[PDB]
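Structure record follows, encoded as structure tokens.
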Amino acid sequence: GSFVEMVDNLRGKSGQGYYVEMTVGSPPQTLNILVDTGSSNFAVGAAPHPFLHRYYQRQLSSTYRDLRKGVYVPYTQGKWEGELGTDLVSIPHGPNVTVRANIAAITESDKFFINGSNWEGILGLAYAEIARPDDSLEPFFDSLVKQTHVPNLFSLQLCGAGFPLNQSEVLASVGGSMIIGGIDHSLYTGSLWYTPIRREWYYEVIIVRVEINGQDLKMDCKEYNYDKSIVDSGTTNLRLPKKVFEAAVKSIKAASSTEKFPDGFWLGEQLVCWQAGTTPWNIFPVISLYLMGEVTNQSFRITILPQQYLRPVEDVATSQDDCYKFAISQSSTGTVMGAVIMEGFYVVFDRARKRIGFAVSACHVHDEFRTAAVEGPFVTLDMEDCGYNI
Ligand SMILES: CN1C(=N)N[C@@](c2cccc(-c3cncc(Cl)c3)c2)(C2CC2)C1=O
């Protein structure tokens with residue numbers, strides 16, 4: 001482990017997001033910021049909100065610069081409005097550098113902030129193409145690399161606890177690591193396997209095969225990437241295109257058929273509970289996603305367990321049962337490898353070499369009989385045809 005200052009610098013959980021401490025302004029104002037590989041703006045609460053106990057106060061920063069421009073950002077599940085500016089930003093448990101970065105000061109929002117998430121803003125780590133209002137607003141990581149000697153790479157180890165964390169526990173627990181500018185070997189086991197970044201906008205990848213307990217889903221591989229496949233720390237679930245979700249759920253139901261679960265469970269809405277310690281992990285299948293490799297006609301696979309795709313939740317009766325929600329859900333905007341999938345792996349966002357690496361995480365949840373895996377190589381032909389073009 002060569003990056004001790006950054007190891008264990010994240011907190012949070014898949015349902016509410018993982019965040020890192022940052023400072024903004026002069027004197028520094030401390031804020032907790034969601035790590036989001038699915039967006040490209042650095043946007044922070046800058047006005048009072050019922051769900052915020054702190055926010056960025058521009059009038060108190062001597063280094064604040066107003067860009068005299070507003071930004072309106074609507075999402076599917078919420079929206080916000082803000083004022084653009086720049087200021088000096090640092091990451092206390094990070095590289096020992098301070099940079100001048102763009103900041104969207106959020107003045108109005110709807111369904112954006114989460115009660116009890118403990119974060120006050122978002123750090124969009126994806127590329128300028130998807131920055132708001134347009135690609136001229138340089139994202140944070142691009143500023144960091146341009147202004148310093150930090151290598152153009154970061155890596156994420158998101159650590160799911162494997163059980164519910166109450167309000168106090170989630171604040172006191174280590175949620176993982178964000179290594180800025182490097183790869184920390186203590187965070188994974190086995191080898192790192194890399195898949196190309198198809199295009200630099202989201203962190204887009206190409207899935208070439210899907211198995212449920214070794215059984216090929218057998219769909220045209222273009223379906224797996226319709227209309228894109230991305231790696232997104234800012235989505236909780238593994239999200240699959242509608243037709244892929246329908247085929248995968250049918251296969252997961254068949255593999256787990258010795259127990260019948262209600263429709264609401266498969267819809268990711270209702271929890272399922274078992275007596276303490278008796279969760280029947282073994283009846284649920286493993287899921288393997290094969291990704292395009294860096295060598296021609298070569299792929300590798302990542303394998304996740306039900307300990308990743310069943311998200312621990314507290315029972316409505318705060319009982320002693322062990323309860324979960326199904327964290328695989330349908331999408332109309334492509335595959336999203338969200339936080340519950342990332343919790344199985346150490347993920348290297350190697351921007352310098354336009355590739356994403358995966359290795360088994362040293363903090364993935366498993367049982368005595370099965371573990372997550374990253375394995376290869378496999379011979380896979382015509383992988384380019386798996387990518388979707390509009
Ligand atoms: C899909 N997605 C992102 N990748 N980030 C967003 C976001 C915004 C606010 C909160 C969360 C969030 C909430 N709960 C759990 C998580 Cl993991 C993330 C995500 C948005 C900027 C585009 C969002 O909707």
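Chain labels follow the order of the structure tokens: the first chain is A, the next B, and so on; residue numbering restarts at 1 in every chain, and ligands are counted from 1 in their shown order.
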Just want the residues within 10 Å of ligand 1, written as a PDB file with N, CA, C and O atoms, in the first residue's frame, counting only C-alpha atoms and all ligand atoms.
ATOM      1  N   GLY A  12     -20.027   6.319   3.795  1.00  0.00           N
ATOM      2  CA  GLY A  12     -21.316   6.197   3.132  1.00  0.00           C
ATOM      3  C   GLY A  12     -21.699   4.761   2.851  1.00  0.00           C
ATOM      4  O   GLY A  12     -21.159   3.823   3.461  1.00  0.00           O
ATOM      5  N   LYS A  13     -22.627   4.597   1.908  1.00  0.00           N
ATOM      6  CA  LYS A  13     -23.155   3.264   1.577  1.00  0.00           C
ATOM      7  C   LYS A  13     -23.841   3.303   0.238  1.00  0.00           C
ATOM      8  O   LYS A  13     -24.084   4.384  -0.292  1.00  0.00           O
ATOM      9  N   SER A  14     -24.141   2.142  -0.323  1.00  0.00           N
ATOM     10  CA  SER A  14     -24.690   2.154  -1.672  1.00  0.00           C
ATOM     11  C   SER A  14     -25.996   2.891  -1.840  1.00  0.00           C
ATOM     12  O   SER A  14     -26.178   3.515  -2.881  1.00  0.00           O
ATOM     13  N   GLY A  15     -26.878   2.823  -0.842  1.00  0.00           N
ATOM     14  CA  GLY A  15     -28.184   3.459  -0.970  1.00  0.00           C
ATOM     15  C   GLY A  15     -28.157   4.972  -0.959  1.00  0.00           C
ATOM     16  O   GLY A  15     -29.063   5.597  -1.523  1.00  0.00           O
ATOM     17  N   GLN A  16     -27.132   5.555  -0.317  1.00  0.00           N
ATOM     18  CA  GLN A  16     -27.075   7.013  -0.185  1.00  0.00           C
ATOM     19  C   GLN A  16     -25.864   7.640  -0.823  1.00  0.00           C
ATOM     20  O   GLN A  16     -25.779   8.876  -0.858  1.00  0.00           O
ATOM     21  N   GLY A  17     -24.959   6.817  -1.328  1.00  0.00           N
ATOM     22  CA  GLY A  17     -23.733   7.293  -1.961  1.00  0.00           C
ATOM     23  C   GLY A  17     -22.545   7.296  -1.025  1.00  0.00           C
ATOM     24  O   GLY A  17     -22.669   7.334   0.204  1.00  0.00           O
ATOM     25  N   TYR A  18     -21.362   7.289  -1.642  1.00  0.00           N
ATOM     26  CA  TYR A  18     -20.096   7.348  -0.917  1.00  0.00           C
ATOM     27  C   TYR A  18     -19.532   8.743  -1.091  1.00  0.00           C
ATOM     28  O   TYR A  18     -19.573   9.286  -2.215  1.00  0.00           O
ATOM     29  N   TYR A  19     -18.975   9.303  -0.029  1.00  0.00           N
ATOM     30  CA  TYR A  19     -18.463  10.678  -0.094  1.00  0.00           C
ATOM     31  C   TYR A  19     -17.078  10.831   0.491  1.00  0.00           C
ATOM     32  O   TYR A  19     -16.644  10.030   1.341  1.00  0.00           O
ATOM     33  N   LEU A  34     -20.190  13.798  -2.514  1.00  0.00           N
ATOM     34  CA  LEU A  34     -20.472  12.511  -3.149  1.00  0.00           C
ATOM     35  C   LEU A  34     -19.468  12.272  -4.283  1.00  0.00           C
ATOM     36  O   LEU A  34     -19.329  13.110  -5.163  1.00  0.00           O
ATOM     37  N   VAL A  35     -18.878  11.077  -4.323  1.00  0.00           N
ATOM     38  CA  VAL A  35     -17.963  10.714  -5.404  1.00  0.00           C
ATOM     39  C   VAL A  35     -18.815  10.130  -6.527  1.00  0.00           C
ATOM     40  O   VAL A  35     -19.435   9.062  -6.354  1.00  0.00           O
ATOM     41  N   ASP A  36     -18.853  10.819  -7.675  1.00  0.00           N
ATOM     42  CA  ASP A  36     -19.775  10.424  -8.736  1.00  0.00           C
ATOM     43  C   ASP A  36     -19.090  10.268 -10.083  1.00  0.00           C
ATOM     44  O   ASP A  36     -18.841  11.279 -10.761  1.00  0.00           O
ATOM     45  N   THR A  37     -18.829   9.027 -10.488  1.00  0.00           N
ATOM     46  CA  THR A  37     -18.222   8.826 -11.806  1.00  0.00           C
ATOM     47  C   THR A  37     -19.233   8.925 -12.959  1.00  0.00           C
ATOM     48  O   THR A  37     -18.827   8.745 -14.113  1.00  0.00           O
ATOM     49  N   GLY A  38     -20.515   9.234 -12.650  1.00  0.00           N
ATOM     50  CA  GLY A  38     -21.575   9.349 -13.662  1.00  0.00           C
ATOM     51  C   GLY A  38     -21.978  10.774 -14.019  1.00  0.00           C
ATOM     52  O   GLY A  38     -22.993  10.969 -14.682  1.00  0.00           O
ATOM     53  N   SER A  39     -21.202  11.778 -13.568  1.00  0.00           N
ATOM     54  CA  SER A  39     -21.444  13.182 -13.906  1.00  0.00           C
ATOM     55  C   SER A  39     -20.138  13.915 -13.899  1.00  0.00           C
ATOM     56  O   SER A  39     -19.110  13.355 -13.521  1.00  0.00           O
ATOM     57  N   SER A  40     -20.168  15.188 -14.347  1.00  0.00           N
ATOM     58  CA  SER A  40     -18.921  15.916 -14.539  1.00  0.00           C
ATOM     59  C   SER A  40     -18.895  17.311 -13.953  1.00  0.00           C
ATOM     60  O   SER A  40     -17.965  18.055 -14.269  1.00  0.00           O
ATOM     61  N   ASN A  41     -19.859  17.641 -13.086  1.00  0.00           N
ATOM     62  CA  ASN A  41     -19.839  18.939 -12.385  1.00  0.00           C
ATOM     63  C   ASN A  41     -19.458  18.791 -10.927  1.00  0.00           C
ATOM     64  O   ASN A  41     -19.879  17.846 -10.244  1.00  0.00           O
ATOM     65  N   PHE A  42     -18.728  19.782 -10.417  1.00  0.00           N
ATOM     66  CA  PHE A  42     -18.481  19.913  -8.982  1.00  0.00           C
ATOM     67  C   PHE A  42     -19.542  20.925  -8.519  1.00  0.00           C
ATOM     68  O   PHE A  42     -19.521  22.085  -8.915  1.00  0.00           O
ATOM     69  N   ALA A  43     -20.539  20.448  -7.758  1.00  0.00           N
ATOM     70  CA  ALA A  43     -21.700  21.252  -7.392  1.00  0.00           C
ATOM     71  C   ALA A  43     -21.946  21.093  -5.933  1.00  0.00           C
ATOM     72  O   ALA A  43     -21.974  19.950  -5.451  1.00  0.00           O
ATOM     73  N   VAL A  73     -29.799  22.361 -13.863  1.00  0.00           N
ATOM     74  CA  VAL A  73     -29.497  20.955 -14.087  1.00  0.00           C
ATOM     75  C   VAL A  73     -30.638  20.051 -13.656  1.00  0.00           C
ATOM     76  O   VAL A  73     -30.698  19.630 -12.496  1.00  0.00           O
ATOM     77  N   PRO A  74     -31.500  19.652 -14.603  1.00  0.00           N
ATOM     78  CA  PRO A  74     -32.554  18.695 -14.248  1.00  0.00           C
ATOM     79  C   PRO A  74     -32.094  17.249 -14.486  1.00  0.00           C
ATOM     80  O   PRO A  74     -31.457  16.958 -15.501  1.00  0.00           O
ATOM     81  N   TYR A  75     -32.391  16.357 -13.541  1.00  0.00           N
ATOM     82  CA  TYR A  75     -32.094  14.932 -13.679  1.00  0.00           C
ATOM     83  C   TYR A  75     -33.430  14.214 -13.773  1.00  0.00           C
ATOM     84  O   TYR A  75     -34.475  14.863 -13.750  1.00  0.00           O
ATOM     85  N   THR A  76     -33.404  12.881 -13.837  1.00  0.00           N
ATOM     86  CA  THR A  76     -34.638  12.099 -13.864  1.00  0.00           C
ATOM     87  C   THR A  76     -35.315  12.181 -12.495  1.00  0.00           C
ATOM     88  O   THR A  76     -36.512  12.455 -12.415  1.00  0.00           O
ATOM     89  N   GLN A  77     -34.533  11.955 -11.431  1.00  0.00           N
ATOM     90  CA  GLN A  77     -35.007  11.910 -10.051  1.00  0.00           C
ATOM     91  C   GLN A  77     -34.685  13.174  -9.264  1.00  0.00           C
ATOM     92  O   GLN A  77     -34.321  13.087  -8.087  1.00  0.00           O
ATOM     93  N   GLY A  78     -34.826  14.331  -9.892  1.00  0.00           N
ATOM     94  CA  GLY A  78     -34.559  15.586  -9.206  1.00  0.00           C
ATOM     95  C   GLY A  78     -33.899  16.640 -10.061  1.00  0.00           C
ATOM     96  O   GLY A  78     -33.726  16.447 -11.264  1.00  0.00           O
ATOM     97  N   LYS A  79     -33.549  17.775  -9.447  1.00  0.00           N
ATOM     98  CA  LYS A  79     -32.940  18.897 -10.165  1.00  0.00           C
ATOM     99  C   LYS A  79     -32.381  19.954  -9.234  1.00  0.00           C
ATOM    100  O   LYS A  79     -32.717  20.010  -8.048  1.00  0.00           O
ATOM    101  N   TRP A  80     -31.577  20.850  -9.804  1.00  0.00           N
ATOM    102  CA  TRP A  80     -31.042  21.972  -9.059  1.00  0.00           C
ATOM    103  C   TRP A  80     -30.659  23.108  -9.956  1.00  0.00           C
ATOM    104  O   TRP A  80     -30.476  22.949 -11.166  1.00  0.00           O
ATOM    105  N   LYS A 111     -35.495  17.381  -4.744  1.00  0.00           N
ATOM    106  CA  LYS A 111     -35.160  15.954  -4.661  1.00  0.00           C
ATOM    107  C   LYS A 111     -33.689  15.653  -4.986  1.00  0.00           C
ATOM    108  O   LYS A 111     -33.378  14.601  -5.535  1.00  0.00           O
ATOM    109  N   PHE A 112     -32.786  16.596  -4.678  1.00  0.00           N
ATOM    110  CA  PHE A 112     -31.375  16.403  -4.950  1.00  0.00           C
ATOM    111  C   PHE A 112     -30.683  15.955  -3.672  1.00  0.00           C
ATOM    112  O   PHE A 112     -30.123  14.856  -3.637  1.00  0.00           O
ATOM    113  N   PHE A 113     -30.730  16.790  -2.615  1.00  0.00           N
ATOM    114  CA  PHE A 113     -30.126  16.443  -1.338  1.00  0.00           C
ATOM    115  C   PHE A 113     -30.912  15.320  -0.677  1.00  0.00           C
ATOM    116  O   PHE A 113     -32.136  15.264  -0.830  1.00  0.00           O
ATOM    117  N   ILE A 114     -30.198  14.413   0.000  1.00  0.00           N
ATOM    118  CA  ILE A 114     -30.790  13.252   0.671  1.00  0.00           C
ATOM    119  C   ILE A 114     -30.717  13.416   2.167  1.00  0.00           C
ATOM    120  O   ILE A 114     -29.633  13.583   2.715  1.00  0.00           O
ATOM    121  N   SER A 117     -27.759  11.595   4.374  1.00  0.00           N
ATOM    122  CA  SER A 117     -26.666  11.085   3.529  1.00  0.00           C
ATOM    123  C   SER A 117     -25.308  11.532   4.031  1.00  0.00           C
ATOM    124  O   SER A 117     -24.295  10.888   3.728  1.00  0.00           O
ATOM    125  N   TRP A 119     -23.744  14.174   3.016  1.00  0.00           N
ATOM    126  CA  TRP A 119     -22.985  14.931   2.031  1.00  0.00           C
ATOM    127  C   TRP A 119     -23.711  16.198   1.618  1.00  0.00           C
ATOM    128  O   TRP A 119     -24.943  16.297   1.735  1.00  0.00           O
ATOM    129  N   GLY A 121     -22.612  18.086  -1.351  1.00  0.00           N
ATOM    130  CA  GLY A 121     -22.338  18.394  -2.746  1.00  0.00           C
ATOM    131  C   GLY A 121     -21.903  17.145  -3.467  1.00  0.00           C
ATOM    132  O   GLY A 121     -21.821  16.071  -2.842  1.00  0.00           O
ATOM    133  N   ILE A 122     -21.589  17.292  -4.757  1.00  0.00           N
ATOM    134  CA  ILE A 122     -21.221  16.177  -5.628  1.00  0.00           C
ATOM    135  C   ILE A 122     -19.980  16.501  -6.410  1.00  0.00           C
ATOM    136  O   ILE A 122     -19.786  17.658  -6.845  1.00  0.00           O
ATOM    137  N   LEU A 123     -19.129  15.485  -6.560  1.00  0.00           N
ATOM    138  CA  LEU A 123     -17.901  15.615  -7.338  1.00  0.00           C
ATOM    139  C   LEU A 123     -18.049  14.766  -8.579  1.00  0.00           C
ATOM    140  O   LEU A 123     -17.872  13.535  -8.522  1.00  0.00           O
ATOM    141  N   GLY A 124     -18.407  15.420  -9.678  1.00  0.00           N
ATOM    142  CA  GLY A 124     -18.522  14.724 -10.956  1.00  0.00           C
ATOM    143  C   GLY A 124     -17.150  14.434 -11.530  1.00  0.00           C
ATOM    144  O   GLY A 124     -16.404  15.368 -11.891  1.00  0.00           O
ATOM    145  N   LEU A 125     -16.805  13.132 -11.627  1.00  0.00           N
ATOM    146  CA  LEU A 125     -15.488  12.693 -12.062  1.00  0.00           C
ATOM    147  C   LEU A 125     -15.407  12.273 -13.521  1.00  0.00           C
ATOM    148  O   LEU A 125     -14.328  11.856 -13.956  1.00  0.00           O
ATOM    149  N   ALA A 126     -16.521  12.357 -14.265  1.00  0.00           N
ATOM    150  CA  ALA A 126     -16.519  11.968 -15.677  1.00  0.00           C
ATOM    151  C   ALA A 126     -16.020  13.146 -16.516  1.00  0.00           C
ATOM    152  O   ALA A 126     -15.520  14.144 -15.971  1.00  0.00           O
ATOM    153  N   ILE A 130     -20.045  15.770 -20.893  1.00  0.00           N
ATOM    154  CA  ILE A 130     -21.325  15.745 -20.203  1.00  0.00           C
ATOM    155  C   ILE A 130     -21.432  16.770 -19.057  1.00  0.00           C
ATOM    156  O   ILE A 130     -22.361  16.699 -18.245  1.00  0.00           O
ATOM    157  N   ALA A 131     -20.496  17.755 -19.027  1.00  0.00           N
ATOM    158  CA  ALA A 131     -20.566  18.814 -18.031  1.00  0.00           C
ATOM    159  C   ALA A 131     -21.683  19.781 -18.423  1.00  0.00           C
ATOM    160  O   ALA A 131     -22.009  19.911 -19.615  1.00  0.00           O
ATOM    161  N   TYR A 202     -19.226   9.670 -20.408  1.00  0.00           N
ATOM    162  CA  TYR A 202     -19.350   8.843 -19.228  1.00  0.00           C
ATOM    163  C   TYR A 202     -18.113   7.925 -19.280  1.00  0.00           C
ATOM    164  O   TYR A 202     -17.392   7.901 -20.288  1.00  0.00           O
ATOM    165  N   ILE A 230     -22.156   1.937 -18.703  1.00  0.00           N
ATOM    166  CA  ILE A 230     -21.225   2.826 -17.990  1.00  0.00           C
ATOM    167  C   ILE A 230     -20.911   2.327 -16.599  1.00  0.00           C
ATOM    168  O   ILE A 230     -21.656   1.523 -16.049  1.00  0.00           O
ATOM    169  N   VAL A 231     -19.813   2.863 -16.014  1.00  0.00           N
ATOM    170  CA  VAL A 231     -19.445   2.541 -14.636  1.00  0.00           C
ATOM    171  C   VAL A 231     -19.773   3.793 -13.843  1.00  0.00           C
ATOM    172  O   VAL A 231     -19.181   4.874 -14.104  1.00  0.00           O
ATOM    173  N   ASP A 232     -20.715   3.678 -12.876  1.00  0.00           N
ATOM    174  CA  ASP A 232     -21.241   4.864 -12.209  1.00  0.00           C
ATOM    175  C   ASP A 232     -21.350   4.689 -10.704  1.00  0.00           C
ATOM    176  O   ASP A 232     -22.320   4.099 -10.191  1.00  0.00           O
ATOM    177  N   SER A 233     -20.404   5.305  -9.971  1.00  0.00           N
ATOM    178  CA  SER A 233     -20.456   5.259  -8.513  1.00  0.00           C
ATOM    179  C   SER A 233     -21.651   6.016  -7.926  1.00  0.00           C
ATOM    180  O   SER A 233     -21.924   5.886  -6.732  1.00  0.00           O
ATOM    181  N   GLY A 234     -22.288   6.873  -8.751  1.00  0.00           N
ATOM    182  CA  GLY A 234     -23.441   7.678  -8.353  1.00  0.00           C
ATOM    183  C   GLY A 234     -24.803   7.072  -8.659  1.00  0.00           C
ATOM    184  O   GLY A 234     -25.813   7.775  -8.617  1.00  0.00           O
ATOM    185  N   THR A 235     -24.846   5.744  -8.974  1.00  0.00           N
ATOM    186  CA  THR A 235     -26.093   4.991  -9.109  1.00  0.00           C
ATOM    187  C   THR A 235     -25.955   3.883  -8.077  1.00  0.00           C
ATOM    188  O   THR A 235     -24.897   3.261  -7.997  1.00  0.00           O
ATOM    189  N   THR A 236     -27.024   3.580  -7.339  1.00  0.00           N
ATOM    190  CA  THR A 236     -26.959   2.502  -6.374  1.00  0.00           C
ATOM    191  C   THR A 236     -26.907   1.140  -7.031  1.00  0.00           C
ATOM    192  O   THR A 236     -26.074   0.300  -6.658  1.00  0.00           O
ATOM    193  N   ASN A 237     -27.867   0.866  -7.933  1.00  0.00           N
ATOM    194  CA  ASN A 237     -28.024  -0.467  -8.455  1.00  0.00           C
ATOM    195  C   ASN A 237     -27.195  -0.829  -9.654  1.00  0.00           C
ATOM    196  O   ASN A 237     -26.575   0.003 -10.306  1.00  0.00           O
ATOM    197  N   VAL A 336     -25.957   0.259 -16.296  1.00  0.00           N
ATOM    198  CA  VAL A 336     -25.240   1.095 -15.328  1.00  0.00           C
ATOM    199  C   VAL A 336     -24.650   0.128 -14.308  1.00  0.00           C
ATOM    200  O   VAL A 336     -25.384  -0.545 -13.568  1.00  0.00           O
ATOM    201  N   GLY A 338     -23.486   0.178 -11.132  1.00  0.00           N
ATOM    202  CA  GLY A 338     -23.566   1.078  -9.988  1.00  0.00           C
ATOM    203  C   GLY A 338     -22.793   0.618  -8.779  1.00  0.00           C
ATOM    204  O   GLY A 338     -21.998  -0.327  -8.849  1.00  0.00           O
ATOM    205  N   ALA A 339     -23.034   1.307  -7.671  1.00  0.00           N
ATOM    206  CA  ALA A 339     -22.309   1.066  -6.442  1.00  0.00           C
ATOM    207  C   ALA A 339     -22.365  -0.352  -5.964  1.00  0.00           C
ATOM    208  O   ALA A 339     -21.333  -0.824  -5.477  1.00  0.00           O
ATOM    209  N   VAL A 340     -23.526  -1.033  -6.044  1.00  0.00           N
ATOM    210  CA  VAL A 340     -23.557  -2.420  -5.534  1.00  0.00           C
ATOM    211  C   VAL A 340     -22.621  -3.345  -6.294  1.00  0.00           C
ATOM    212  O   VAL A 340     -22.142  -4.327  -5.694  1.00  0.00           O
TER     213      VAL A 340
END
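The environment of residue A:167 within 10 Å, counting only C-alpha atoms and disregarding residues fewer than 4 places along the same chain, consists of residues 116, 117, 118, 171 and 172 of chain A.
Assigned to alpha helix (DSSP H) in stretch 1-173 of chain A, given DSSP computed from backbone atoms, are residues 140, 141, 142, 143, 144, 145, 146, 147, 167, 168, 169, 170, 171 and 172 of chain A.
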Strand (DSSP E) per DSSP on the backbone: members of stretch 44-204 of chain A, as a ChimeraX atom specification: /A:44-45,65-75,78-90,98-110,121-124,154-158,176-180,188-196
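Of the residues listed (A:373, A:302, A:238, A:205), A:205 shows the shortest atom-to-atom separation from residue A:225; distances use only C-alpha atoms.
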Selection: 10 Å around stretch 310-323 of chain A, only C-alpha atoms, excl. self and same-chain fewer than 6 positions, as JSON, numbers by chain: {"A": [13, 14, 15, 160, 161, 162, 163, 164, 165, 166, 236, 237, 268, 271, 272, 273, 274, 275, 276, 277, 278, 279, 281, 284, 340]}
Best match for closeness to residue A:49 among A:382, A:21, A:5, A:110, counting only C-alpha atoms: A:110
All residues 10 Å or closer to stretch 58-64 of chain A, only C-alpha atoms, same chain fewer than 6 positions away omitted, as number ranges by chain: A: 24-29, 46-47, 85-88, 100, 103, 105
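Using only C-alpha atoms, the protein and nucleic acid residues lying no more than 8 Å from stretch 346-350 of chain A, apart from those fewer than 3 places from it along its own chain, are residues 152, 153, 154, 155, 156, 157, 158, 183, 187, 188, 342, 343, 353, 354, 355, 356, 357, 358, 359, 360, 361 and 362 of chain A.
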Residue A:206 surroundings by only C-alpha atoms, 12 Å radius, close-in-sequence under 2 positions cut, as a PyMOL selection string: chain A and resi 194-199+203-204+208-210+221-231+289-294+299-301+334-337+355-356+382-388
Produce a file of the selected residues containing N, CA and C atoms, as a short mmCIF file (atom, residue, chain, number, x, y, z; two decimals), in the first residue's frame.
data_model
loop_
_atom_site.label_atom_id
_atom_site.label_comp_id
_atom_site.auth_asym_id
_atom_site.auth_seq_id
_atom_site.Cartn_x
_atom_site.Cartn_y
_atom_site.Cartn_z
N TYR A 194 -8.05 -5.01 -17.43
CA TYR A 194 -8.51 -3.75 -17.99
C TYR A 194 -9.40 -3.88 -19.19
N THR A 195 -10.42 -3.02 -19.23
CA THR A 195 -11.33 -2.91 -20.37
C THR A 195 -11.16 -1.51 -20.97
N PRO A 196 -11.22 -1.34 -22.30
CA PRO A 196 -11.08 0.01 -22.84
C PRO A 196 -12.22 0.93 -22.43
N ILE A 197 -11.90 2.22 -22.28
CA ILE A 197 -12.94 3.24 -22.16
C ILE A 197 -13.32 3.47 -23.63
N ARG A 198 -14.56 3.13 -24.00
CA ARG A 198 -14.97 3.19 -25.40
C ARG A 198 -14.92 4.61 -25.96
N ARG A 199 -15.39 5.54 -25.16
CA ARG A 199 -15.45 6.95 -25.49
C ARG A 199 -15.44 7.71 -24.18
N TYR A 203 -17.92 7.07 -18.24
CA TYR A 203 -16.90 6.03 -18.33
C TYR A 203 -17.58 4.84 -19.02
N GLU A 204 -17.62 4.90 -20.37
CA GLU A 204 -18.33 3.91 -21.18
C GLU A 204 -17.46 2.68 -21.45
N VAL A 208 -19.58 -8.03 -23.34
CA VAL A 208 -19.63 -8.94 -24.49
C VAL A 208 -20.35 -10.26 -24.24
N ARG A 209 -20.63 -10.57 -22.97
CA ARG A 209 -21.31 -11.81 -22.58
C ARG A 209 -21.83 -11.64 -21.16
N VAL A 210 -22.96 -12.28 -20.84
CA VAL A 210 -23.53 -12.27 -19.50
C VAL A 210 -23.89 -13.69 -19.14
N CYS A 221 -25.13 -9.49 -28.13
CA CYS A 221 -24.38 -8.66 -27.20
C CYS A 221 -24.64 -7.17 -27.33
N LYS A 222 -25.18 -6.72 -28.48
CA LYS A 222 -25.52 -5.31 -28.63
C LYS A 222 -26.62 -4.95 -27.61
N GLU A 223 -27.48 -5.92 -27.25
CA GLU A 223 -28.53 -5.65 -26.27
C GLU A 223 -27.95 -5.26 -24.92
N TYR A 224 -26.79 -5.82 -24.56
CA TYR A 224 -26.19 -5.53 -23.27
C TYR A 224 -25.70 -4.10 -23.15
N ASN A 225 -25.47 -3.44 -24.29
CA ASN A 225 -24.90 -2.09 -24.33
C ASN A 225 -25.82 -1.13 -25.03
N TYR A 226 -27.12 -1.43 -25.00
CA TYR A 226 -28.10 -0.57 -25.65
C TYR A 226 -28.70 0.39 -24.59
N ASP A 227 -28.46 1.72 -24.67
CA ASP A 227 -27.70 2.41 -25.71
C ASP A 227 -26.26 2.70 -25.33
N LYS A 228 -25.86 2.32 -24.12
CA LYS A 228 -24.48 2.45 -23.65
C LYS A 228 -24.36 1.60 -22.41
N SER A 229 -23.14 1.33 -21.98
CA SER A 229 -22.89 0.71 -20.68
C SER A 229 -21.88 1.59 -19.97
N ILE A 230 -22.16 1.94 -18.70
CA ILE A 230 -21.23 2.83 -17.99
C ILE A 230 -20.91 2.33 -16.60
N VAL A 231 -19.81 2.86 -16.01
CA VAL A 231 -19.44 2.54 -14.64
C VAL A 231 -19.77 3.79 -13.84
N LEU A 289 -20.25 -10.72 -15.78
CA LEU A 289 -20.27 -9.80 -16.90
C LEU A 289 -18.89 -9.92 -17.56
N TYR A 290 -18.86 -10.27 -18.84
CA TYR A 290 -17.61 -10.31 -19.59
C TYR A 290 -17.42 -8.96 -20.24
N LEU A 291 -16.21 -8.42 -20.10
CA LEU A 291 -15.88 -7.12 -20.67
C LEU A 291 -14.84 -7.26 -21.74
N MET A 292 -14.88 -6.38 -22.76
CA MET A 292 -13.87 -6.37 -23.80
C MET A 292 -12.47 -6.18 -23.15
N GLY A 293 -11.50 -6.94 -23.63
CA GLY A 293 -10.13 -6.82 -23.12
C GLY A 293 -9.32 -5.80 -23.90
N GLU A 294 -8.06 -5.65 -23.51
CA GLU A 294 -7.20 -4.69 -24.21
C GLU A 294 -6.54 -5.33 -25.41
N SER A 299 -11.36 -11.24 -23.97
CA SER A 299 -12.22 -10.63 -22.94
C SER A 299 -11.81 -11.17 -21.57
N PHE A 300 -12.41 -10.62 -20.52
CA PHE A 300 -12.25 -11.16 -19.18
C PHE A 300 -13.62 -11.03 -18.53
N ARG A 301 -13.80 -11.65 -17.36
CA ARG A 301 -15.08 -11.57 -16.68
C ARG A 301 -14.92 -11.08 -15.26
N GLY A 334 -29.46 2.40 -20.92
CA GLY A 334 -28.29 1.53 -20.98
C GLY A 334 -27.96 0.83 -19.68
N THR A 335 -26.90 0.03 -19.72
CA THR A 335 -26.44 -0.64 -18.50
C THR A 335 -25.72 0.37 -17.61
N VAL A 336 -25.96 0.26 -16.30
CA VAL A 336 -25.24 1.09 -15.33
C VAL A 336 -24.65 0.13 -14.31
N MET A 337 -23.30 0.08 -14.25
CA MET A 337 -22.62 -0.72 -13.23
C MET A 337 -22.50 0.23 -12.03
N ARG A 355 -8.61 3.39 -20.07
CA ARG A 355 -9.01 2.04 -19.70
C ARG A 355 -9.49 2.02 -18.26
N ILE A 356 -10.36 1.03 -17.95
CA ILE A 356 -10.86 0.84 -16.59
C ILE A 356 -10.39 -0.53 -16.13
N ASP A 382 -15.50 -10.59 -32.64
CA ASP A 382 -16.34 -9.46 -33.06
C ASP A 382 -16.90 -8.63 -31.91
N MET A 383 -16.04 -8.29 -30.95
CA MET A 383 -16.48 -7.53 -29.77
C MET A 383 -16.92 -6.13 -30.10
N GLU A 384 -16.41 -5.57 -31.20
CA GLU A 384 -16.78 -4.23 -31.66
C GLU A 384 -18.27 -4.14 -31.97
N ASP A 385 -18.85 -5.24 -32.49
CA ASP A 385 -20.28 -5.32 -32.82
C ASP A 385 -21.15 -5.27 -31.59
N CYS A 386 -20.55 -5.44 -30.39
CA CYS A 386 -21.33 -5.37 -29.17
C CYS A 386 -21.66 -3.92 -28.81
N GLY A 387 -20.88 -2.97 -29.32
CA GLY A 387 -21.13 -1.56 -29.07
C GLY A 387 -22.28 -1.03 -29.89
N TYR A 388 -23.10 -0.19 -29.27
CA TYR A 388 -24.26 0.38 -29.95
C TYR A 388 -23.91 1.72 -30.58
#
